Structure formats: C-alpha cells, structure tokens
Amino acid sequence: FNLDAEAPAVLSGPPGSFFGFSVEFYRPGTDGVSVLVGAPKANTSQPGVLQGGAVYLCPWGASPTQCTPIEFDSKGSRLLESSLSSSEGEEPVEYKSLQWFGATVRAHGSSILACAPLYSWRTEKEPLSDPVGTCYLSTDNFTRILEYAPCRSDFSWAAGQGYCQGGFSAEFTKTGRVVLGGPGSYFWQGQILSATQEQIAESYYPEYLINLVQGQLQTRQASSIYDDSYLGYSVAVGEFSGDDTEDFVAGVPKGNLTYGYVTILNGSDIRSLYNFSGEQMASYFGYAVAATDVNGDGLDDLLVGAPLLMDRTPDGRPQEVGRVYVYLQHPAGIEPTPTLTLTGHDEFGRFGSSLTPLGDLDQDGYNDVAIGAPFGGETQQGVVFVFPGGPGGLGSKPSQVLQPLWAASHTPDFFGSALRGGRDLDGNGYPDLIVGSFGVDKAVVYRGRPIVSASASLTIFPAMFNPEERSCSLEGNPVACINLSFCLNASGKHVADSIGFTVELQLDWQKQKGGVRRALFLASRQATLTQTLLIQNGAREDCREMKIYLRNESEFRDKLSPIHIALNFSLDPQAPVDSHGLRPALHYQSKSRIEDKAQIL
C-alpha cells in the first residue's frame, strides 16, 4: 500500500524491442545498485544478427543517458568448421537472429545470467534447426563471460534435447547456483538443468559447441506417456526439504492430461519430492511459480499461478479470470491441497500470470506478494496486485493496486507481465518493485515509502452545552464554553525522529452546509482550527487543550440538533525529503478522522 504509485521511475528502451520482458535487481558487491532489463527483440551490432536481443543496465542514481546495453556477446554467428570452405562453405553453425536473448534475466551478487530461449543451432552433423536455447553468465562484475547451454549436446532432435529451449525460465539459488528451465526436452517432456558457477567455468570451452558440464544436475528422460508436459515452463527456488540446500520449484503446465502440475525437486540431487495437481483442464497451472515465506513462521510457502482458469459468474456465465494457489509449508511437510486461492475479477486479464515475492513491504513482520494480470483494468492495459502477508497466511484482499499512468496505445501494453521485488534500491529499509511493460517498451520502478502510523483521540470534558451557565467571556458578554482536547500517538521506524502532522478541527461540521455555525473557538471566534504539530517517533500521547464556546444568541434558530465536532489529520505535505525525495505515508489501517458530539437540554 506504500509503493509510490504517484510518481514512480519510468525506464524505457527502444521502440519494438520488448524492453521490460524480464526485470532484475543488480548489486555488484555491495550497493552499486542498478536495474537490469531484458529486451529480447532489440537490435544489436553483432555481425549479421537480426534482432539478437539485448539486456540493459540501468544504474540507479540520476543520470543523463538512462540504460546502456551490456555486451555479453558482441560477436555474430560462429561458423561450421567441418566445411569452412572445402567446396562450398559459408555455413553458420548457430542462429542468433531472433533468438530472444534477454527473455529471462537473473542476478546473484556480481554474477548475472541472461538467456535466449529461441537460440538455435545447425548441428555439426546432419543439418537441423534445434532451438536448444542458451544462457550467458558474466562473473565478478563482468570480468569474465561464460556461455552456458546444457541442452546443446550429443542428443540432437525433438527426441533428445534438440528442442529443449533451456533458459525459458531460470533462477539463481542463495549460493549462486544456476537453475534452468527447458520446456522442450525429450518431445516436450520438459527438463530442469542445474550446475554451480564454478562447474560452468571449469567446463566452458567455446572452441567447441558441446561443453559437457561435469557434475551437472538433470531431470531424466521418461517414457513417452509424458511427452508434451512442458516441465520447466517456470522455476522458483526455496527450502522444502529438511536441509539447507535450496530446492527447485518447476511448472509442468501441460503435465497431467493438461490439468497442470507443479513439482518440487531435491536441491542436492534432482529428485521428485512433491507434486501438486491443477484443478481444471487447460487452466495453465504452473505458468508462473514463486516461493516465499508468507506467514512469518520461517518456512517457505509455495505460490502457483494458473492464469487461464475459467469460473462461473453467480449468474452462471463462464469467464476466463485466472487463479493463484497458495500451498503452505508446515513442520510435517507441505499440504497437498491449497490453503488459499485468489481469483481475478477482470475477464481475460491473466491473473495468475506473474508472481514475485516482495519481502516485508510494509515492514510489519510478514512477507508480502505481488501478482500481475497483464490484461486487467478498464482498458486492458494490465494490473499488479499487492497482497499482504499475515499470521494466518496470505491476506485474501489486496493492499494496493498498481496500474500504468499512461494512456492506451494501439498495441496491448502487457503491464505487469514481468515482476521482480524483495530488494532495496534506495536508502530506506523498505523493499521495492520493478514491473515490466514490454508492450510499450517500458519498465517501471516503484519504491516503498516509509510508514508512519498514528492514532488520535478527541474528548469533550463538559459534553453538555449549558446554555444559561456561562463560565467564561470574550468581548463582554459571558458565553457558555466547553473544553476541546485531542491527543496524538505516531510511530514508524526508518523515519525522522520528529514527524510533522497537520490537524483540522471543525465545529458543527454538518451545519456548515451554507447554514449557521453554532459553536466557535474562543481564540479566533470561528468554527475551524487547522494547526501544525511536531510529534516524536515513540513518544507520549501529545495533547492540546482549547476552548469552544456556544453562541451568545437567543438569535440562532436550531436549538434541538446536537453540535457535531470533527477532527481530521494528515502528515504535513511539506519539509519532508530525507534519504531520497520520498515522503512518508500514513498506515492505511489507522483512523485519520474522528467524530464527536456536544448537546443541549
């Protein structure tokens, strides 16, 4: 609820490049913070390589030029050696054009991984067009660049790894281990391939296209009754077995007669630990998967999207909405049925379409979650939902709705089709969020605002206006007066020690409808009193007393209806800028307006 949706940062790369297809936080070593943006249809300056795709580096601090493309591979297409010329020889052995490099971008420490799931290569033997896919790893802040393409092997056709597209999804573990999704292996059975960075570097020899990585991890080829399952359509990481080596969450969206499933593999030796089935045919269960601890009990919970899910209106009309399933890890294991489901409201707005953990966004002790429906909203531009974590699991209602602030184009917008949160770009200890919008070639950086939470009281000591009993005066005549007092408690760390509030009090707040105002303040002889208050972060109930009097009139009409008093407050919208120009916000669950009465006999 605290993300600065008002004025977020809008990075935007070249037209038609799909800038924003995947988004990542980068921090080389410690706090050289920048945003990574893949744009897989982008043109490069590689020799004879049409739209090879690029990954943009966008450092955080304010700059003239926004983002510069990182060179992972400035070379064009390696040539087939077997016939360099011989009799007829020009054969590229690989095909980098339209390879969609930058479709997925991940980062751990100084290492960043960028993949081209549409990379394809002719084989060195019989001529093929095998979209084996490839990733590029760059280590120790760009000092070394490794190619990792495990599916480019001695098993070369749809029947083996030829059509694997390894890189289609990917993620780093907490130790920097590379986890790879390859949906097309063994006639689209699907494959998870993993290897440590050191292994990749041990094994990188670019003079030969096939580099058997030693000690690499791999899901195994099954019987053909598992063809067209798309294992590895998505991946996430998390601890789901007893130990300390992170485990692998993998989408299998076409897996069980097209009701999907999600598998969890054992981090140390790729091996099946869990399965969770979808609920509806061709609902895309496992289109996106994420793994975070949602209920603060330390254990990683599982989140699975299924964006194509149909439900029935109360009035029985079918509709495509999308659904997210939150399973939940207990001491005993993980519950085989979901504990919660969320459902989209916008028709055709793919709700379970992207998922990212945000960490503790509102800094309350519980990790939160952001979910995108890339076609939701009034104009089908796209929406990102934030859902608050809590003691009893994920809150079933959204704390914030993010939408683009720009108007619709002719082409769809895809706002929220790419998500990355859970890390901190600016000074404060509030995690932030990158939302891709590749339809219009933008990405948007939202940062968390610092959270202040206050409550106020308001009490009238003589609650009865005693019209004839006047115990104070003003000009001359005695007036029947009352004591108005109000107090303030404000708190919230990562904020200034003293917190500027402003406070508005209104007497007869309903009769201020062009009518007559019966109670007035003693100091100004008027009905309203606005004021500034400096309040300390963890201080006492800071109070103010003041006197309101009743009108010295056998002249105003309404003697019946009670005088209504109304106090409202907000954070002073002035003198606020601390670490970076980002004003604090009131907690959405604290009453900023309070209402009381004072009667007559």
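All residue numbers are counted from 1 along the displayed sequence.
Set 28-36 against 531-539 and average the Cα temperature factors; 28-36 ends up higher. Look at the mean CA B-factor for 484-492 and for 377-385 in the entry; the higher one is 484-492. The residue among 129, 275, 234, 524 whose C-alpha atom has the highest B-factor in the PDB entry is 524. Going by the entry's values, 450 shows the largest Cα B-factor out of 450, 215, 305, 344. Compared with the other modelled residues of the chain, the Cα B-factor recorded for residue 228 ranks in the lowest third. In the PDB entry, residue 251 places in the lowest third of its chain by CA B-factor.
In this PDB entry, residue 573 carries a Cα temperature factor that places it within the highest third of its chain's modelled residues. Sort the modelled residues of the chain by CA B factor and residue 270 lands in the middle third. Among the modelled residues of the chain, residue 10 sits in the lowest third by CA temperature factor in this PDB entry.
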